[PDB]
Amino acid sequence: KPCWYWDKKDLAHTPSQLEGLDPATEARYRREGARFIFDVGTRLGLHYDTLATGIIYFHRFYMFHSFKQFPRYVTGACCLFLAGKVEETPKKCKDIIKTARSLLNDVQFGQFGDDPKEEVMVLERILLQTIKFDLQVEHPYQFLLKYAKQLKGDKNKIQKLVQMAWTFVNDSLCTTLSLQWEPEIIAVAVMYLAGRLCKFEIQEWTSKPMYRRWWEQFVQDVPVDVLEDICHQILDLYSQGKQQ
């Protein structure tokens, strides 16, 4: 089984940054690529697991290839195409290009060259080799539901926490958080952030109410500093937007 997690130092030496791309520009390229996959798959009515699987393929791809050698929207369409096949929600490639054509202008759609469809097809072989045919991926959503099922403090406040944590998981896919921490840790982190923004105290809802370490019942040996850093990366996406 391969290893799919990097530290903060290795993420500062991706193939894109080695070729001169600045950290801010790669972070922007990753946001637009993830949101592109999100909007295309949404307009085709795809499962949130399928969107997340395509985005994880997208982030891992650019740990081995540079954004200067591979246009991002072509890679995003390719990742969504493979993800639908992996997640048993197949979509014809003609449909993805059609949907991509509908949301992108000609300068953005110029990345597909003269013949848009073949660019995605020939890239699928490269993507599969890059992800080492490790197709099965799990996402923070299932653990957010599993962990929240074991809270008993208040019904209406739990559902507000889950709903905000679900939105924060969607926002997380715009960052490299899935390349840093396991999905179980991301699930705990978004509950922690949602608890802060709601001023709910999550410890009251555990079987160990007296014990702030409410999350050590779900994940083992996760220090609060790790969760604080995940929150900082997520709220960084709200540099402009209102937090919620």
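All residue numbers are counted from 1 along the displayed sequence. Heads up, when I say rigid core I mean the largest set of C-alphas that superpose within 1.5 Å between the two forms.
Novice: Taking C-alpha RMS after core alignment, which stretch differs more from the shown form in 4 other deposited structures of this protein: 146 to 154, or 94 to 102?
Specialist: Higher average C-alpha offset in 4 other deposited structures of this protein goes to 146 to 154.
Novice: Quick one: with the core lined up, is it 74 to 82 or 111 to 119 that wanders further in 4 other deposited structures of this protein, going by C-alpha RMS?
Specialist: Output: 111 to 119, the stretch lying farther off on average in 4 other deposited structures of this protein.
Novice: Averaging the C-alpha B factors as listed in the entry, name the stretch that ends up higher: 207 to 215 or 50 to 58.
Specialist: The recorded data point to 207 to 215.
Novice: Would you determine, from the values in the PDB entry, which of 146 to 154 and 75 to 83 has the greater average C-alpha temperature factor?
Specialist: Of 146 to 154 and 75 to 83, the stretch with the higher C-alpha B-factor average is 146 to 154.
Novice: I'd like to know which of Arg28, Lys199, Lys68, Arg35 has the highest C-alpha temperature factor in the PDB entry.
Specialist: Going by the entry's C-alpha B-factors, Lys199 comes out highest.
Novice: Would you please rank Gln111 by its C-alpha temperature factor against the other modelled residues of its chain and give the third it falls in: lowest, middle or highest?
Specialist: For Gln111, the deposited C-alpha B-factor lands in the highest third.
Novice: Compare the C-alpha B factor of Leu11 with those of the other modelled residues in its chain, then answer lowest, middle or highest third.
Specialist: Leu11: CA B-factor falls in the middle third of its chain.
Novice: Compared with the other modelled residues in the chain, in which third is the CA B-factor of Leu235?
Specialist: For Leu235, the deposited C-alpha B-factor lands in the highest third.
Novice: Split the chain's modelled residues into thirds by Cα B-factor; is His139 in the lowest, middle or highest one?
Specialist: Ranked within chain, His139 CA B lands in the lowest tercile.
Novice: Is the Cα B-factor recorded for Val222 in the lowest, middle or highest third of its chain?
Specialist: Answer is highest: the recorded C-alpha B-factor places it there.
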